[PDB]
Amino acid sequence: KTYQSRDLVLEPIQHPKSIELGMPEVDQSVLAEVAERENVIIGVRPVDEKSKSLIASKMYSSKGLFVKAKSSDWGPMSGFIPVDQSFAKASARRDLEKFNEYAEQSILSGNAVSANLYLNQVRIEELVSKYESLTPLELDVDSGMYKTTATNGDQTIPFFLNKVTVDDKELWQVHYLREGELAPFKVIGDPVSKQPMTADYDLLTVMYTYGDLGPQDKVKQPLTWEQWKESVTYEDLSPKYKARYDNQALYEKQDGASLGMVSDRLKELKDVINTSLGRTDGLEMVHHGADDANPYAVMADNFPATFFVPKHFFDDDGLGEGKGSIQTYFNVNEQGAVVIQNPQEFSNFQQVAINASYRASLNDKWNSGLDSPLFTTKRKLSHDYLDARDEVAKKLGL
C-alpha cells in the first residue's frame, strides 16, 4: 500500500479532503477524456471558486496574453478583470502601477474594451449566500442603489448596485466611490463582443509519453510574421497554417506573440483542449503556452492545480507493479482531477509520473521560494534510469 521507489516514499491518503475548485465539473470531465485520448498528463493552474458559474455559463470569453491585468477574487467584480487593478486579486495589488499599466495598454491598443459591470440576481445571491463574499443588499435613500461591502484583507470597500435593464435583461450595474463621487465600475471587455472577460485556463505543464518525445517538444520563441514566413515552406503547411502565411492579422491573433513560448505539441494540444471544451471562435479558455516555459512564473500562484492523467493511472497497479493507483497517493475528485495542493506534492506527483514514462519540462522559476530546488534535472531523474545505472555499474565492476 506504500509507494516506495529509491528515495521516494509516499504514504496512502488517510481521510481524503474535498478541494473546492473553480473549474466547472463538465470541463474537468472533458480534460480527463482529453488526457486519456491524447495519452498526456495535463496540469492546469488554479481558477478561483467564484469563477465557476461564469465559466460554466459559456457566456464569456477569457483573457489571453494581451490582457495581463489580473482578474479579481473578491467583491462584486469577482471572476472579472477590473480596469482599476486595486480591485483585482492580491498578486495584481502587489505591483499596482504595473498591472494598472497592463489594464490600460490592453484597452488602448484595441486588444480589449472598457466595459460596464452588470450582475444578475443569481450572481448577487451567489456572492451573498453561496460564497458570503458580499454583505446583504441595503437600500441607500437619496441614491436609489443597494449598498453592499466586500473584504480586501484589512479594508472593507463599499459598492453600490443600481437596478437597470439592458436588452430586456433585468440587471444590477455595479458602482463604486471614485474620489468621493459615485462612478460606474469598469471591467475589461472582449475587443469584438465588448462583453466582460473571465480568467482563463492556464496550462501548468503537459507531460507527454517518453516514446513520443521528438522535435515537436522543442520550446520555440514567438517569431514575427516576417521571421515565420521565411522559416516555413508554404506547400507543407496545412490550410490552417497557409491562412496564417497569407494573413498577418490571423497569424498575430491565433499564433506568434499570443502563444508565448510554446512547443509544436502544445500548440496542437491547445486546439484539442479548446475544441473538446466547445470553447471556440472567441470563447477559448486556453490561449497560450504552459507555465513550463513561462519566464515570469510565480510558484505561489500555481496551487491548487488540477491534473488530468491517462485512465491507466487509476488501475490497481497503474503506477507500475506493486506501486498502486494514483488515487491512493494523491486526491482524485469525482470528475477524475488529481488535485495537487503545493510544490512538495507537485514534486512527488512529477516523480511518480516520470517513473511511469511521462516527461517533465522543468521551469527554474518554480524553485524560487522553495527551501530546496525540487525542479531540477538531477533531482527529477527517472528511477528506472538511476536503477539501470546502478545495475550496470555493479555488473561491469564500476
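Numbering starts at 1 and follows the sequence shown.
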For the C-alpha atoms alone, is the average B factor greater in 88-96 or in 226-234, going by the entry? 226-234
Would 379-387 or 13-21 have the larger average of its C-alpha temperature factors, as given in the entry? 13-21
Looking at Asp292, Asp142, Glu268, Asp202, which one carries the largest C-alpha B-factor according to the PDB entry? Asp142
Which one of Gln248, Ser106, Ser114, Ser72 shows the top CA temperature factor in the record? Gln248
Hey, what third does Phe313 fall into on Cα B-factor, ranked over its chain? middle
Based on the entry's values, in what third of the chain does the Cα temperature factor of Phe307 lie: lowest, middle or highest? lowest
Determine, from the deposited record, the chain-internal third of the Cα B-factor for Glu284: lowest, middle or highest. middle
When the deposited Cα B-factors of this chain's modelled residues are ordered and cut into thirds, is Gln216 in the lowest, the middle or the highest one? lowest
In terms of its chain's C-alpha B-factors, the third that includes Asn162 is the highest
